[PDB]
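Before any questions on how it binds or moves, here is one chain, the form deposited in one PDB entry, in structure tokens.
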């Protein structure tokens, strides 16, 4: 998957991330750019407009939890399958969440990281993160049956 220079650059950039704000903002953007994804959160309240979504505390709170697990996954870049196995079985058997949502969240995350770091989210850094979000998507999807 990642070369060692890629592993390094990812860790390097992650350590400057405020996982709380980035998670809220990513899930927020997910619900706004791909509205059908709101289907899993009707109990979150007002998701009627973009600021209503980005401002929604349940969206923000779920975003933080989700990106937290993701973040914890960045310490398992050698066996993401193993680290998300439980969360994968959960998202399938219990939450009935279509894995494509994990890929859509992945790209929104990449756009958020780019938006936050500007110039520093270099083409090479992005390439490394594309490998990671694709790995986390596949790992999360690994157990669906």
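C-alpha atoms forming the largest set that superposes within 1.5 Å between two forms make up the rigid core. Residue numbers count along the first chain shown, from 1.
What comes next is about the form deposited in another entry, which does not appear here.
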| item | value |
| --- | --- |
| Candidates 51, 78, 120, 46 - which moves between the shown form and the other one, C-alpha at least 2 Å, core fixed | 78 |
| Post core alignment: residue 35 C-alpha displaced by 2 Å or more between the shown form and the other one | no |
| Closer or farther in the other entry, the Cα atoms of residue 112 and residue 80, when the shift from this form is 3 Å or more | farther |
| Direction of C-alpha distance change in the other entry, residue 35 to residue 71 (at least 3 Å) | farther |
